[PDB]
Amino acid sequence: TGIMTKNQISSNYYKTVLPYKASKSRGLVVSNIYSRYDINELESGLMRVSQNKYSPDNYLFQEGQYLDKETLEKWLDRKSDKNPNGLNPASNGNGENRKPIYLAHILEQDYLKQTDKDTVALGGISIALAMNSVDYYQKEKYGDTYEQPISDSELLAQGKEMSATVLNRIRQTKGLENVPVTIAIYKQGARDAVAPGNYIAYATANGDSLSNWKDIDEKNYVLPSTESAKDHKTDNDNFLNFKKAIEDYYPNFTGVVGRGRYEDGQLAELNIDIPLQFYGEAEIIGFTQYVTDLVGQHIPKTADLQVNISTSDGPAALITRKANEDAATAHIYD
Amino acid sequence: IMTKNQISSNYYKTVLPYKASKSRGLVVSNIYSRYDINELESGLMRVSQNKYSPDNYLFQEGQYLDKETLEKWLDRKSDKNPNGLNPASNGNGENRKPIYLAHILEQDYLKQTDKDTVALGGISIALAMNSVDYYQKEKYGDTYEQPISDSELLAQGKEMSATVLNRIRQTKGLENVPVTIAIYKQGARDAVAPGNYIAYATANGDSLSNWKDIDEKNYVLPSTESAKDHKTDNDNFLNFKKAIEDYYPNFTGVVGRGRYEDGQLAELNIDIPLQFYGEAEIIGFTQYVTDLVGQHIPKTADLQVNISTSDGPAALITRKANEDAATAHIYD
């Protein structure tokens, strides 16, 4: 056991245990999840789900230590006599009644509680099953890449079934026999998706069986877009005004795009991307000052806000404002 | 009008509606290192605050010296271009005269005269000097280097500044305004740290004042040079680096870039380039580094920690001079 970090950074995060323990499946998520935006959603979102049961006021976070790379890779593979623990369906051809890869990845997070001066004990674990919304496959090397769409209902049904199997195994895993297990089902977006996927449900096992599944209303939108105009017109309009204001004084900077994460239909976090070509540093400074004014005037202060102004060579400026905070803060990279 | 957020005491508020530099992008063509470009432009703003308070003046990128004029002046002097400030060519041999002047930067400083009007109140000019002149003897051939001493580039700089001021006084709109001119020394292309300003002078008329030395220098931390000149900052940086490798021995490429003014650390930029293995990993690491800056980095200087991957920024930690708590942001 031991201490932890002292800076939390954000309430959505837990303090992390030290000495640092690196994931026993470190990096697997990068090879299994195509989009970095799905990766962020998966890991950040599972911390969000954990906060329903484990307060960051009282619990510490550690990357998954109990399920290792090799074990996770066996579970992620198709079932088979040579891979009996595989969670995905056994192959029955690449044709029509084909059985897809439903499961792309399994994420483990450990939640520890400090019990005295120098000791922390495991208070619970969270698991995410990252499900495919589109399964990509080839019928031969160098062949075309085919897509099999999977509905929310089918991926939800498969996820619930696999989650049962996963819980039973954790229960048979040394040092996890007792710990409450929280499992969440994540829907990965398509590879060419304009926005990442989202969590869809979760359940908790205090004992030997999962509770009823609770639905999660989480969705990511691009701003501006027809979908945003439709479901969140006010956010879309505000964003369009923000954009137009930028272009009124900076006509060619038209790449302004927003990535809005919604929970229960309310904007929780808006990431505004502004990719630029570099023409000089004063240009960046003045632009960032102006955008900082514009977020004050156009962007609702009920969501966490990040404006990433960057060039090909890296970040140029950052503007941030926390939910319910009046003033944005800007930094010019040096 | 103007921008309302200043962002930093080192910066001016900017004139609106925005007017692009009349020499937009020339600095990128002319100055090899992005770190020299930042020094050149931010550094000219710091110089300008000796004469034009950001409480009183608004900033605009240079409008009076356009690209064609600057390019004309940046050329070597010749019969077809008597206007070039650089020495006439006399071969690529032992007697080779180098390109002393790489770039000329103009910054305009405006005063608000009424509710919706501004007027030019002063200008600042930087002459960016080469410390190493790079050239080819044959098209497509090896790149040869001609180093230039501080004393020679300072002298050439002072002489050219006088000529530049003369021409400024023949430029429409610039006949009467206060002018500040500063000499900037560009670092080498493969230098571990960028160059620095070395002197500046002012003129309300057609004659520059006496030149005032500027004591500015950039260091890499840790390094032999910083261990000698600024031992305490170097030691603190080593301790910081060591605490990182204690728990995260994998990524050891932590490097600091320290800008010093009059011998004191003014700004510390810590670069931590990472490979991406996952998001939780970044979050935990950023919390830990945020802890370490409080424990190891004295709050006497503005601080920036850029934790990044090859595909973009991952986390930023900042702390202003004299600010007790650092603030971190995780990129999403």
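Protein sequences appear in the order of chains B and A.
Sequential numbering of the first sequence, starting at 38, is according to the deposited numbering.
Sequential numbering of the second sequence, starting at 40, is according to the deposited numbering.
In this text, a Cβ means the ideal position worked out from N, Cα and C, and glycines have one as well.
With a 10 Å radius around the Cβ and a threshold of 16 neighbouring Cβ atoms, residue 251 of chain A comes out exposed. In the structure shown, residue 185 of chain A falls within a strand segment according to DSSP collapsed to helix, strand and coil.
Considering only beta carbons, the part of the stretch 276-298 of chain A lying closer than 7 Å to chain B consists of 286 and 287, in chain order. Ranked by Cα distance from residue 343 of chain B, the options B:194, B:351 and B:296 are led by B:296. Any Cβ of chain B closer than 8 Å to the Cβ of residue 323 of chain A would place that residue at the interface, and such an atom is present. Residue-level contact check: residue 126 of chain B does not touch chain A, since none of the beta carbons of chain A fall below 8 Å from its beta carbon. Distance check between residue 193 of chain B and each of B:206, B:168 and B:288 places B:168 closest, using alpha-carbon atoms only.
Taking every protein chain shown into account, the CB of residue 99 of chain B has 16 or more other CB atoms within 10 angstroms, so this residue is buried. If you draw a 10 Å sphere on the C-beta of residue 129 of chain A, you find fewer than 16 other C-beta atoms in it, and that means exposed. The DSSP assignment places complete alpha helix (DSSP H) segments of no fewer than 4 residues inside the stretch 152-236 of chain B at 189-208, in order along the chain. Across the set A:212, A:294, A:283 and A:361, the C-alpha of A:294 shows the shortest separation from the C-alpha of residue 259 of chain A. For chain A, none of the residues of the stretch 112-142 of chain B brings a beta carbon within less than 9 Å of one of its beta carbons. The continuous beta strand (DSSP E) containing residue 344 of chain A extends over residues 341-348.
Closer than 8 Å to the CB of residue 300 of chain B there is not a single CB belonging to chain A.
The C-beta of residue 337 of chain B comes no closer than 8 Å to any C-beta of chain A.
Among the CB atoms of chain A, none fall inside 8 Å of the CB of residue 38 of chain B. If you compare the alpha carbons of B:370, B:262, B:200 and B:62 with that of residue 232 of chain B, the shortest gap goes to B:262. For residue 45 of chain B, the residues of chain A that pass the 9 Å Cβ criterion are 326, in the order they occur in the chain.
Within the model, the alpha-carbon separation for residue 356 of chain B versus residue 369 of chain A is close to 12 Å. Contact residues of the stretch 63-89 of chain A toward chain B are 63, 64, 66, 67, 73, 76, 77, 80 and 81 (C-beta to C-beta distance below 7 Å). Flagged as an interface residue toward chain B: residue 319 of chain A, by a C-beta distance shorter than 8 Å. Counting along the chain, residue 300 of chain B sits inside the beta strand (DSSP E) bounded by residues 294-300. DSSP, reduced to helix, strand and coil, places residue 46 of chain A outside both helices and strands of the structure shown, so it counts as coil.
When the five nearest sequence neighbours on each side are left out, the beta carbons in the same chain lying within less than 8 Å of the beta carbon of residue 228 of chain A are those of 71, 72, 171 and 173, in order along the chain. Residue contact with chain A for residue 329 of chain B: present (Cβ-Cβ distance below 8 Å to some residue of chain A). The beta carbons of residue 76 of chain B and residue 351 of chain A sit no closer together than 8 Å. Rounded to the nearest angstrom, the Cβ distance from residue 61 of chain A to residue 101 of chain A is 6 Å, consistent with a contact under 8 Å.
Contact annotation for residue 316 of chain B against chain A: 63, 64 and 67 [CB-CB distance below 7 Å, chain order]. The C-beta distance from residue 84 of chain B to residue 140 of chain B rounds to 21 Å, too long to fall under 8 Å, and the pair is not in contact. Cα atoms of residue 303 of chain A and residue 104 of chain B: separation of roughly 51 Å, rounded to the nearest angstrom.
The count of Cβ pairs closer than 8 Å, one atom from the stretch 78-97 of chain B and one from the stretch 311-326 of chain A, reaches three, so the stretches are in contact.
Just so you know, the alpha carbons of residue 131 of chain B and residue 176 of chain B end up roughly 6 Å apart. Chain A has no Cβ within less than 8 Å of the Cβ of residue 159 of chain B.
Within chain B, the residues whose beta carbon sits less than 9 Å from that of residue 367 of chain A are 44, 46 and 47, listed in sequence order.
Counting only Cβ-Cβ distances below 7 Å, residue 255 of chain B has no contacts in chain A at all, with the closest Cβ about 14 Å away. Note: residue 117 of chain B is bridge-paired with B:120 in the DSSP secondary-structure output.
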